[PDB]
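Protein chains in written order, with the deposited numbering: chain B, 53 to 381; chain C, 55 to 383; chain C', 55 to 383; chain A, 57 to 384; chain C'', 55 to 383. A prime marks a further copy of an entry chain. Okay, so here's the structure we're looking at.
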Amino acid sequence: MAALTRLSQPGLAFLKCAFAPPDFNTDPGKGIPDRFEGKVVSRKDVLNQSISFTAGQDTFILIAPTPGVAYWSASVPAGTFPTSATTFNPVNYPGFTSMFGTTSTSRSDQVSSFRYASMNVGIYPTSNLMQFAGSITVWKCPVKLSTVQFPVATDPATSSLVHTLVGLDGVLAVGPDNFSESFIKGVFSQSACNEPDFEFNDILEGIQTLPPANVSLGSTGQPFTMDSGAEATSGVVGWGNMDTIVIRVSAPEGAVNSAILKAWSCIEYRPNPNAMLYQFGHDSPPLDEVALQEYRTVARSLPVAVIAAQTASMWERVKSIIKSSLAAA
Amino acid sequence: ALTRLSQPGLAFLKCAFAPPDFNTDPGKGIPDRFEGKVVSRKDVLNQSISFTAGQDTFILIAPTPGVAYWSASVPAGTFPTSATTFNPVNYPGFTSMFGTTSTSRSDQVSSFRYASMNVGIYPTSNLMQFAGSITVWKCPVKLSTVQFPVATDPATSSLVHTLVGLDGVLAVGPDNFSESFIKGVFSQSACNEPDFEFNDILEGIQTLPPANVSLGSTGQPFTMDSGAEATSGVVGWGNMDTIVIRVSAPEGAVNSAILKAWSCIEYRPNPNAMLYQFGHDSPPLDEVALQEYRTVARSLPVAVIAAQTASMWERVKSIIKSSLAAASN
Amino acid sequence: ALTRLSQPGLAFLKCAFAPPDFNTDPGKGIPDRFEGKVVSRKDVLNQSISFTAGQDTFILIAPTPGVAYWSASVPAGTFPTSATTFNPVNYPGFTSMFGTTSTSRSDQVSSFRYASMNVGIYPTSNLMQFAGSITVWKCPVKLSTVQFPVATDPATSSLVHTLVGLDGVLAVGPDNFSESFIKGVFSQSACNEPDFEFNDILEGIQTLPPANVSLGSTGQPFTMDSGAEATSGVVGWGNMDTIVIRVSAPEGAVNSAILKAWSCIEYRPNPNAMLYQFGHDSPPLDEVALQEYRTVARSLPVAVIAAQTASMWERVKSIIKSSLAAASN
Amino acid sequence: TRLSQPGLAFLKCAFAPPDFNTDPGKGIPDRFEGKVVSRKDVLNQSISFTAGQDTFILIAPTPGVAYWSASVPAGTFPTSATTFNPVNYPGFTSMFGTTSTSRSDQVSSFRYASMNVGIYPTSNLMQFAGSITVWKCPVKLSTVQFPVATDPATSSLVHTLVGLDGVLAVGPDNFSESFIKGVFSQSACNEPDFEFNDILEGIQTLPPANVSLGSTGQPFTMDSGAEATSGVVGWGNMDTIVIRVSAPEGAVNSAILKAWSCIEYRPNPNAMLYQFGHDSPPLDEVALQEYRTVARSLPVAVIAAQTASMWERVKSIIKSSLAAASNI
Amino acid sequence: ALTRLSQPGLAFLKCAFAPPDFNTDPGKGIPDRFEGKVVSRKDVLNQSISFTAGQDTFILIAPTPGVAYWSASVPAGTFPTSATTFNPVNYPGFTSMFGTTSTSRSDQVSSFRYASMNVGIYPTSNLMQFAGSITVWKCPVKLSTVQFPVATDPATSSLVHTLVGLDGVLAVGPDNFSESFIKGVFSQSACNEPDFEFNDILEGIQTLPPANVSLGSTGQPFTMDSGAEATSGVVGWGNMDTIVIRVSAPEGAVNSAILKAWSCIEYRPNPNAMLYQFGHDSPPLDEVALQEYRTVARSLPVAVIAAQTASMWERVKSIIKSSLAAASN
RNA sequence: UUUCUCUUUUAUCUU
RNA sequence: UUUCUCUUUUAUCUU
RNA sequence: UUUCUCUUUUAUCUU
RNA sequence: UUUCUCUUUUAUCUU
Ligand SMILES: [Ca+2]
Ligand SMILES: [Ca+2]
Ligand SMILES: [Ca+2]
Ligand SMILES: [Ca+2]
Ligand SMILES: [Ca+2]
Ligand SMILES: [Ca+2]
Ligand SMILES: [Ca+2]
Ligand SMILES: [Ca+2]
Ligand SMILES: [Cl-]
């Protein structure tokens, strides 16, 4: 309506990459409409993955603002949550290496910093009505990457400081604000900027595990562990400003839970002049006051998650909220 | 008609008999003569849960603060024995209120009193694999004490906490709801006293019978083990009857579901607690609500299938208006 | 005139520049673009305090969550030295939010952002015994890091938290309020950044410089010791300038008083926390309030005598209406 | 609407020629109105370029340092075997002491407003040879995490500059022209807002002392030298300007280099600089969107000839966008 | 609103994005500047098809006249290899237009140009036996040539038809539709050029790479074999992106269905052909439809479930009217 | 995401 | 390339 | 513990 | 198999 005409082309595209379904959004948009207009590279990451769930085991999936990695998972005994004895393994978006090299010290070779725009996820059951069982629970945690300070009895004695994931503890309880339906109904949900503005984040070098090498989980406070594995295949290149989507998928004993898992990521990077990437860059979109306030509203308005069913009805549900709040203004 | 109830008095009746998924501030409080400062804690649990075949799983919704329910499974067609031990499943943030040591429960709050205690089981299995039933009855479980002597030097007499009325779980009460598993169930408990008196927070309790106490001395039929003092524990016993749920899963039956639990509790906050910030005066006496509460409770069925969880609030309002009608004559 | 501000936008301006002894829900939140779930924590300290004669007592109102202020006394006519260490005085319920171990701060909440930071000193001594003065200035104390090498095997390079700008406490800033002790004082701090960005909760910090770190390596002029990890600690550093208060008590002077401290802080709650129950969406952007906030702040005096603590809200409203007047022309 | 006095000054310090007696202005017009001290750093460096060499000058958001210079054989770029040495702005010590732990003694934090650079050839017309090439790099100061086998075993975390690998090649978006023609270029805030960065203590080298260049990922090294003459006091949010003066064999390339820098620092009450401090200018939406627009519009760099016709390029853009938006 | 389109211009948009099961004369033609004599050929295929378990069957909707689709199956979880060959499934009456010898295609018609290319998959299996998924993306497959030398006497240089962009089938494109098998799917392709230029009929083509040509010389990743020149063949390559459909059938899964394909094609008839009798002038330029066509195409999702095949025409009309609205402002 | 009344029942802005 | 009525007789757009 | 308007701004009860 | 308008848009019958 008179709302969809106030937005700039960029402003609109932005809002779609953010809440629109993967199929509808054929155009990632020139990026984020805000004060920043420097050279960037918009990359819409998309993972499609046929996954089958282990029976008699609850599998936890974490979607975090980590570049080049779609999600992190780990399976635990049914009815339980992660423990110190738990470790999450990352699943890379296509071409993670082509972006962040193959050695924990060559992440900032292609790009120096970044900032997330959208970060969606969906689960589409593919089991027949004679085999499905279990539930899909979803909530979001405000996990941020900080640091911890502690002394070390070396010679001479020294004080350490390393990266720690703060608020990870939230994954050990299903917060009151959550989605939770039968497995068969699938689920669809997005995440948004947990900051007043879209500030860029630095690319992080050498990060492979958290707690890192030579550090006890005890000294970090983190409830469980994060392992990206062989530096040559994956790794932790940074941590964005998006709350982390948590997903508990309960699979009963003798239940066949097969589904497709999808993941979106509209990320804006700062290309290095040397990168064979740079030639695809352009300038960040101009500020679009409207789109920005719409984003915030839509975001806070939308439900935790929705069933897979209404994934398409999503874009519409959104376009509704916009005209509704832009009408009362 | 429902305009004879104070704002809170009404809210109260809702927190009580209806699952207020609706995000009201969680309850106002109890419309009783007491109007001192309290904190209305709205506890809510969402637990995905798969039931093992050939087992009759027992769940207890007890008035133990911080713990949503306790369970244990016994072979099909059987009930708990001395050889049985129930393990508690805490509501989110248990430690955030009761600490991590059996002697730091009274740190945050000093006493409490329950207002509502609801529970629902929503099947998540398919229609070809499920089988079995859900049976429900309620037990007048109170928390007393046992007095016995010990041959020490010098010989002395002991006294410890013992749960009376537990023997009620060893059989399916006559007043009960029993129906096919797939149909789920919703049920709630109520104040088993003429008034809403406050109970003290109990320090040191982690197991019943207590460690170093031989079972049967107490006379309890089975055991209650909350586990690590740093993860869970028994902080008190409310004046609510305990809800018993027997879910018998036959052989080769894939019965999964989602369990939800609600608990409106008025706690007396301690000034040194941050939690105290959210304290308000308890609602003023609302003679009408207190008389309705009683009437509604006595009316409602032991439990109902999951489906009628919605029609719940409505079913209540009609019982009220129907009661307020007879009051005019 | 003051009707151009959203309900919260106004509330915000009050929590900010006025001591809201009034029992509003403690603040609404910040009227910034951010609208994610937060918990408005209204911290308030009431500390009776007697000042030792012949000593110039220094108090620091720092943006360290959970700690109202830090103090230490130096001989009259002098300032802190390397030989000085400041001990924190926590707001009530510090542990109730940050635990009892330097690695359990991020348990309850993950990040935060201050909104208000006020402090008042109300003399309680008689008019025949008091003597001395209260001087006040504000320091742009930020929390950076220091990089230095260590002769270990193998030799390595360290990096630890160091407080920059502390040197500002060693002298009475030119922009300052200074007046007789008996006249008391009220003053508040404000966001030392163009926006309200969130800061991470910091794990492990108990002292600065950190244990095992020689003072001066950091370059700090004195030390910060929070003490037992089980009683206090340093959980983060807000983007507020620190308030410095020098209360010089001459020889034989009986100077006693009551100190009050207020702090509106928006924290990002963790779903597993009970505290999360009281979370709400941050207030929507209120362009006007954000522009007023800035204007009011720049206007107000460094500080004012205790007496004008009341006329505070009024003094503010007039500054606003006076600013909104010039906006019409 | 129109610009404020400060909002206009802000746009001049930003892209305005320094021969215009440019006013530092009151600073940056944004939401922030806190006490700050405006410093207009200017360096004039007479310099001769080694023939058969390709000298690399880097303009980085390092306070008190005008630029970092290193040289490599003609036709090549910096390598692991390279180290850049900083040339300080006047009175570096008067601001950040003489110890690697005396930086935060005068000011606690800062934020850049402008960062320009100019090269004015002084060579005659037959003696000179070579070319000047410019491109900008999004170099940011991050951190690296690696383990160390000490007793007991530990994990080490330190500063590491990311995006330096961009200096090892000539960015597609670049200015390239004959040496003699000189050059002028400027950088802008690489962030949506002008946030404050803290002052950094103890930084003298990167990789730091006791760290191999291999542990950092950094393609080469950064050395400020004697903690009593220079050092790294912080890293601002401005893209780093890269200038490659390619001098061939037998080429006499002499020239002057100027470096501008409008910085807003948060003064320490105890510092002498505090008396000079005022409040940051009130937010000026117009200027903040002009700055952003002018920046994106301007070319990477221009020959030193158009250093005066610079201000007029800007005034033009200012009203050419204040025109496509003034109609409706 | 939809009255700004010429009769044909509208018809055109329907033949294009909607399955016109409705028996209109099959399309009017293309509302482009061209108005010479053409014959609107409405190709439609109805193919019953059962998918083998443990195989990931691949289907290609290519702009090859007379052939509805090409398929081949690869082991589950895998894609085509050099060892793969796709076999074409012709629309009815292939020979009735292109003869029975690779050198009699240009007999009936000389050139052509596609207008629509739609495809739908409607599951026919029960809800207890099906399993698996349907994934869809589109490839910019064009038909180029490869130049290489041959050691003959005298030695010479060759040149033959090679399909470029086929490598796109070896992976699931990011812009894709993926959902449970049972949900079916509908999708259509569009002109991958700025205009509707005519393509020549190609004589002699039966296989790619051509007989006597070693695979890989061409650089194609797999092979295309139309078979007997008297039953099928490759008569040309339209300027439409090719539609890729991966139907993964897990082990023991009974996945059957019905596939439908539509193709509006404008051919230039030859006077000696009887077919020429049904030729008419191409529709006159309809600037509006040509601009809508483009807009509608860009909007629609990669694909949609079979169910929304009906709501298709409607979904389109709304996109149009919505576009024509913004054109007034 | 839909429609108002009614009393709610808090909550500030103003005399 | 010319002029309208008439019923044609299909054909969509709209309720 | 005092006086109303005003818009607040949430919040249920009712069609 | 249902209801008309509207312009369609072809198509003959008639001057
Ligand atoms: Ca922790
Ligand atoms: Ca009593
Ligand atoms: Ca007994
Ligand atoms: Ca910011
Ligand atoms: Ca110092
Ligand atoms: Ca590198
Ligand atoms: Ca053409
Ligand atoms: Ca190839
Ligand atoms: Cl796959």
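Idealized CB from N, CA, C, for every residue including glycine.
Item	Value
Just to confirm, does residue 102/B get its C-beta within under 6 Å of one of the non-hydrogen atoms of ligand 9?	yes
Give a yes or no on contact between the region 273-293 of chain C and the region 151-159 of chain C, applying the rule of three or more CB pairs nearer than 8 Å.	yes
Could you check what DSSP says for residue 105/B in three-state terms: helix, strand or coil?	strand
Taking only beta-carbon positions, decide if residue 189/B is within less than 7 Å of chain C.	yes
Interface residues of chain C' around residue 57/A at Cβ under 8 Å?	Going along chain C', no residue has its Cβ under 8 Å from residue 57/A, so there is no contact; the nearest lies around 12 Å.
Going by beta carbon distance, what residues of the same chain come within less than 6 Å of residue 317/A, once the five residues before and after it are set aside?	97 and 171
Could you tell me if the beta carbon of residue 273/C falls within a distance shorter than 6 Å of some heavy atom in ligand 3?	yes
In terms of DSSP beta bridges, what is residue 167/C'' paired with?	320/C''
Starting from residue 226/C'', find everything on chain B with Cβ-Cβ shorter than 7 Å and list it in chain order.	100
Would you verify that the beta carbon of residue 174/B is, or is not, closer than 7 Å to some beta carbon of chain C?	no
May I have the straight-line CA-CA distance separating residue 119/C from residue 331/C', to the nearest angstrom?	16 Å
Ligand 2 heavy atoms versus the CB of residue 249/C: any closer than 6 Å?	yes
State yes or no: is the C-beta of residue 93/C'' within less than 7 Å of the C-beta of residue 122/C''?	no
So if I threshold CB-CB distances at 7 Å, which residues from the region 130-159 of chain A count as touching chain C'?	157 and 158
CB-CB under 6 Å to residue 124/C, same chain, minus the five flanking residues each way: which ones, in chain order?	114, 140 and 142
Does residue 231/C get closer than 7 Å to chain C' when you measure Cβ to Cβ?	no
For the alpha helix (DSSP H) that contains residue 366/C', what are its first and last residues?	365-380
Taking the DSSP output, what are the residues bridged to residue 210/C''?	204/C''
Identify the residues that DSSP records as bridge partners of residue 233/C': which are they?	188/C'
Within this structure, are the beta carbons of residue 238/C and residue 360/C separated by less than 7 Å?	yes
Run through DSSP, which three-state label would residue 305/B get?	coil
Where residue 190/A and residue 174/C'' are concerned, what is the direct C-alpha to C-alpha distance, given to the nearest angstrom?	55 Å
Given that residue 202/B touches chain C, what residues does it touch there, using C-beta distances under 8 Å?	In chain order: nothing, as chain C lies at least about 20 Å away.
Suppose contacts are defined by Cβ-Cβ distances below 7 Å. Is residue 395/C' in contact with residue 128/C' by that definition?	For residue 395/C' there is no data in the structure shown, the boundaries of chain C' being 55 and 383.
Could you list which residues in chain C' have their beta carbon closer than 8 Å to that of residue 325/C, in chain order?	146
Within this structure, are the beta carbons of residue 217/A and residue 197/A separated by less than 7 Å?	yes
Kindly say whether residue 212/C'', judged by its beta-carbon, lies nearer than 7 Å to any beta-carbon of chain B.	no
Sorry if obvious, but does the Cβ on residue 340/C' come closer than 6 Å to a heavy atom of ligand 6?	no
What span of residues does the alpha helix (DSSP H) with residue 358/B cover, start to end?	Counting along the chain, residue 358/B falls outside any alpha helix (DSSP H), and DSSP gives it neither H nor E.
By Cβ distance below 8 Å, which residues in the same chain neighbour residue 374/A in space, the five residues on each side in sequence not counted?	67, 346 and 350
Is residue 246/B near residue 295/B, with beta carbons less than 7 Å apart?	yes
If distances are taken between C-alpha atoms only, which option among 87/B, 95/B and 91/B comes closest to residue 81/B?	95/B
Apart from the five residues just before and just after residue 221/C', which ones in its own chain have a Cβ nearer than 6 Å to its Cβ?	275
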